[PDB]
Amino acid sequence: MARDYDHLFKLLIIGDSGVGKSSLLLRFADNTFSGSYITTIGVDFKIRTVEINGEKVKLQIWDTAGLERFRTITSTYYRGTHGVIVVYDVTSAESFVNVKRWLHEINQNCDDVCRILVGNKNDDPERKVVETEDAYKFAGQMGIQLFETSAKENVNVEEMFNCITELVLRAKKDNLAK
């Protein structure tokens, strides 16, 4: 409806290099996908506005470097962040086992933040090594929701960003009451 946003949130995407962090954002924001791999240097970002239950919500989405030598100062990633998207690759056992260190990094840097866990590259059943039921059970233990996605074929990407946007919106309404 072209009005001024009702809410502004900052979302942060973190997780291992190669896991598809940029690809998730690029598909959500520009509806594009490329087989090309350009490693993210420091931070990139995208600004999009979504409609959620009649409310206009502006999202400032930060896409971080997976490679430690291209990571800029962690404090700067995290300042002012409302929601963190933690991404692993369902095809990489190693990307999954590092999820706990990313969760710990969130705790190191944030007091009160919404989180969501994303298993990307769910495109190739033959090479899937992180089974839904194990990831789901782990998500449950950490009190976060799980989304398995494919940036490649655009499956569950919108749903995922919608979820974390809803979480962040509900945390905001809840803090106002208290």
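In case it trips you up, residue 1 is the first one in the sequence shown, and so on.
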property	result
Given 68-76 and 84-92, the range whose Cα B-factors average higher in the PDB entry	68-76
Given 134-142 and 49-57, the range whose Cα B-factors average higher in the PDB entry	49-57
Where the record places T40 (Cα B-factor, split into thirds across the chain)	middle
CA B-factor ranking of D124, expressed as a third of its chain	middle
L26 by Cα B-factor - lowest, middle or highest third of the modelled chain	middle
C110 by Cα B-factor - lowest, middle or highest third of the modelled chain	highest
